[PDB]
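Working notes for the structure below.
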Amino acid sequence: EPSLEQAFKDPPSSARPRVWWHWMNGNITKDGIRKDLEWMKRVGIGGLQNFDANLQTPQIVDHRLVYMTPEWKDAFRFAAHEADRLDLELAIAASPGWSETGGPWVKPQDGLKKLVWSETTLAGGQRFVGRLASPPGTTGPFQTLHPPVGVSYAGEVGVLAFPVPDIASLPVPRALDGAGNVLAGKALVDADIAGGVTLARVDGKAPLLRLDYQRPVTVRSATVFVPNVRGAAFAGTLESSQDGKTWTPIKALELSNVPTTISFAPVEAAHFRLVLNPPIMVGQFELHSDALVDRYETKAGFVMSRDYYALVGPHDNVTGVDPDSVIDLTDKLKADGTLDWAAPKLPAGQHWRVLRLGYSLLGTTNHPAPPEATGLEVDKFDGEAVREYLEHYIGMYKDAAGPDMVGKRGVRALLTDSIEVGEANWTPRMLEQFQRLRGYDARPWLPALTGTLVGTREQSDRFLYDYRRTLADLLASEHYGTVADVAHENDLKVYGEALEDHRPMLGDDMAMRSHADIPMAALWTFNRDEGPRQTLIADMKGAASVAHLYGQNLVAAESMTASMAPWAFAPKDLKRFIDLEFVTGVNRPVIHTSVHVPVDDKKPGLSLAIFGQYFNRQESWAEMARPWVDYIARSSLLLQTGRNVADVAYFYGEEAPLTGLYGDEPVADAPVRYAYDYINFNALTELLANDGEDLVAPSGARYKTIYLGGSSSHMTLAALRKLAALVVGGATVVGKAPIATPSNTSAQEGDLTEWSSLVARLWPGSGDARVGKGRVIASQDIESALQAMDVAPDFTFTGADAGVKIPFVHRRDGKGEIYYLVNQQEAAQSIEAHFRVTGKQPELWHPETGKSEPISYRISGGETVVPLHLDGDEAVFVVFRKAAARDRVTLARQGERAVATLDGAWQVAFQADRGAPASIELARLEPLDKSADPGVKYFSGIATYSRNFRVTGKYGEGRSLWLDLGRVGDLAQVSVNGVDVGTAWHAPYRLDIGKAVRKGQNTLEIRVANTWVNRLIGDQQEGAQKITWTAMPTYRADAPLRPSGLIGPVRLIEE
Ligand code: NA
């Protein structure tokens, strides 16, 4: 019912931001829960997401509430009833602690699994005698490795046999450390890859391991493991001494928590050195006569690579085991361990290799929960196991809160925090899943997962790609799809984060969020010098793209996490962060964090370890945060309205996720004057359809073109088929022809030729070809291609310096357009802004106030030009909804005129119990932090400034009167003749008072709030009577104070 103008004045609950609400280490009371949630209502917060966080925190309650005990459950039930009563959306995390999906009700068999194996050799012309050695059952990341500085499970996978050539066995070398110490060489091939030799350090560092032989040996591959390389700083190089003193490097070895295998063109030498460029024990160092899968450990998913296409193999033209030769002996293994097999005869020089595949546990656990609530992360690739995990977990909260308080009331939502559970690469249905998703049998290729080259290096590399891709597919469907299904079956919504930070595991961070009701990302605070963490830009852009393409519309972000900056933020410091989230596509900030306040006496009290935000009822400016939250709620409202408008669908390939591709370097490829969404393989192949020359999704997302970016130079036949079909159906593609498929699917299904035909059709050579009813522009210049399609820029601007960024969001409704602009610079800008819109008279909408303002404009030639002044870091909405009566309006120029400076004496009254005197008189406005009085100097809280002032004008009726406060530390709420005229919380600190003043004498009261910083510093001073309590120390007595109070000058200004 309400108009957009009314909603903008008083945003609805759906527009109001949420907070994270950590319960710190049992420091919980019902009394505090109510005061927390009543504070959130006062301040306009729309919801909260609870965590029971088992991080070591001093006990400030009479007794800690232990997770899921009766008193804890009654506290949570109370929280749920208070959120219901107060109309706050309550969410919980998907596991005890905060991530991911794990707990002690996960049976050992259902934990995360890694592939393990034993190997045996046979003659052929012999019945295998005895027992196949059991694969390792150790919990840990690989084979026999343990987790770093007791629950276990060993499963079966299968038994494979395949012929292999008799190979030149290698002598045991002399192991010389860098110094010349003689090491136990045999321990380098030991059954214990974690236990080998300790290296001595030589001057100039360069620890090395020389392997000197008595004859030349031909080496093709090497495996190395250095225990505890845990940032994880160490490289390694393999060199060969032909003479013992001249070295030619063979290849480098990236080291990690799992072994590293490299393969190369053969080398004949009697001396091999492992050099460890930056107790150093080398657990394994093994040279191989044969060619192994180069870097198989990472390709098999035991450890991540940033870019799997970058793992360029040696060009040695070798071919390994013939896949057709591989035999499945799974049948023949008996529980006894014996194998009943008649090994068929082989050519001479060729023996049998029998591979016994099994699985064992990673052992990773949910965090941070108490031991009783800590247990295995559920197998993320097994939908049934995930469902059992989550149905049980939800059952616990229905018991705790009561079933009436889970679903439509009380607990409304589930949060899947960003995932980091280690590197799992097996799940029991894997062979069926691989067959169904990739279209061919993985069984003949499994030996590649253990290092054994199958077919050509390229075929094994493509199989491993296909294997990694199946794991990524199952993560999205079997974990995140199941989580959303179970939540929905229980009337819950899902807030869903993904990778967030570079590439912690396999998976696509759009697909991982495509099933969630609210795709979610994160943004940390950052110094303006340094800029944001790039991975978090990609994280948010991915999440926004999901919501646009799959129709969720809502885009959440874990907002404004801060590290080692105790209580050092007022809204003036935060605006640029939330504006960056807004302009990237976030429209539901979830503030990190609002720690639960269990007792009132300790101020500012508990914090989530070393992290901020510190946004709870103990914050110094907490009772004046409503205008800040209103700013976020008003911005979110407009940024949820209608649909996102974007012209470019940026296809980023089938390899690394967005936080991987752009974890360090931002996308350099994207348009500037046009908006864009990322599209992944699923979006490309399932959502996009032709609409004339456009590509549309069921959500209403609508694009002029697909851009081939990211890793799309490697493209699968399945993707290419869909792309060709959309082109032929009328769509435009901008990009250069892919150079290869990364997958074996098309070769295995016999579709060799078709990939090349489709490339030849879409990229015939001209570089700009009509293809069916569509068009392929063979360019990597997106804006020049859009120009050649006659697509005008959506937003652009003149009149600013070079390098000035004013990024934008474009929203669209049946009622008109909304552009969101952010001047990402401290310097004010005066621009002419060009919008691709017509027929509408623009207005500026200000989220600070909820008011709209008319603006001059000219409509002409398919665009509207608007002259804009933007303060430093100003964010503003340019709204095109009113039908334009005229095509040009030039508003009368408005001048500014200082009318008076409110200099002279002020009364100041200080919030009680804050170490300050009740009141002072200032002959002159002065920064309180420069005061001679320590109780004023170090004051944190609300100082109330008081004064009268004379007005000799009539205002409102065509002439306005502004109060400019000058410098303010840090925000100020202003009352004129008892009337609240607003609160100024960022520069320029200016408020419209024309309506509240009267002729003659007027009363003025200005409530200035600052941060806790100064009172914290004040408490470190020698002799200090301590006002504050925090868990750990925050500032040294050295620390520079923040400017505090009403600094001014305070001026009356007429238009
Ligand atoms: Na996160």
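Chain labels run A, B, ... following the order of the structure tokens; each chain numbers its residues from 1, and ligands are numbered from 1 in the order shown.
Every residue having at least one atom no farther than 7 Å from ligand 1 is included below, with only C-alpha atoms and all ligand atoms taken into account: residues 417, 418, 497, 500, 522 and 558 of chain A.
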Residues from last step as file, N, CA and C atoms, as a CSV table (one decimal), in the first residue's frame:
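Output file again.csv follows:
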chain,number,residue,atom,x,y,z
A,417,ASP,N,27.4,-20.2,7.1
A,417,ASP,CA,28.6,-19.3,7.1
A,417,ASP,C,29.6,-19.8,6.0
A,418,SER,N,30.6,-18.9,5.7
A,418,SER,CA,31.5,-19.2,4.6
A,418,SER,C,32.3,-20.5,5.0
A,497,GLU,N,26.3,-17.9,2.5
A,497,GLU,CA,27.6,-17.5,2.1
A,497,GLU,C,28.3,-18.6,1.3
A,500,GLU,N,34.1,-16.9,-0.1
A,500,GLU,CA,34.5,-15.6,0.5
A,500,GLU,C,35.9,-15.2,0.3
A,522,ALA,N,30.6,-10.9,2.2
A,522,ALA,CA,31.2,-10.2,3.3
A,522,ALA,C,32.0,-9.0,2.8
A,558,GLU,N,27.8,-10.0,5.3
A,558,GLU,CA,28.5,-9.9,6.6
A,558,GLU,C,29.4,-8.6,6.6
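When DSSP is run on the backbone, the residues of segment 758-796 of chain A that fall into helix (DSSP H, G or I) are residues 758, 759, 760, 761, 762, 782, 783, 784, 785, 786, 787 and 788 of chain A.
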- Task: Determine, counting only C-alpha atoms, which protein, DNA and RNA residues have an atom within 10 Å of an atom of segment 657-665 of chain A; residues of the same chain fewer than 2 positions away are not included. Present the result as an NGL selection string.
- Result: :A and (305-307 or 498-511 or 533-543 or 652-655 or 667-668 or 678 or 680 or 710-711)
- Task: Write out as an MDAnalysis selection string the residues lying within 10 Å of residue 468 of chain A, counting only C-alpha atoms and excluding same-chain residues fewer than 6 positions away.
- Result: chainID A and resid 298:301 425 434 462 506:507 655
- May I have the residues within 9 Å of residue 971 of chain A as a PyMOL selection string, using only C-alpha atoms and disregarding those fewer than 2 positions away in the same chain? chain A and resi 570-572+621+624+968-969+973+983-986+989+1007-1010+1045-1046
Dump as a compact mmCIF listing (two decimals), in the first residue's frame, selection limited to C-alpha atoms:
# COMPACT_ATOMS: atom_id res chain seq x y z
CA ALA A 570 31.40 6.02 14.58
CA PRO A 571 29.03 6.14 11.57
CA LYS A 572 31.24 8.82 10.06
CA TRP A 621 26.78 6.25 20.60
CA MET A 624 22.00 7.66 18.85
CA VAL A 968 31.84 17.27 15.03
CA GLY A 969 33.26 14.35 16.95
CA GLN A 973 21.46 15.22 17.34
CA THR A 983 21.07 14.21 13.64
CA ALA A 984 24.20 14.93 11.63
CA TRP A 985 26.62 12.00 11.62
CA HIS A 986 28.98 12.75 8.72
CA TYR A 989 27.33 18.24 9.48
CA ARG A 1007 23.64 16.06 21.80
CA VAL A 1008 27.10 15.01 20.59
CA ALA A 1009 28.19 11.38 20.89
CA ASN A 1010 31.75 10.16 20.36
CA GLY A 1045 32.58 17.07 20.98
CA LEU A 1046 31.13 20.04 19.13
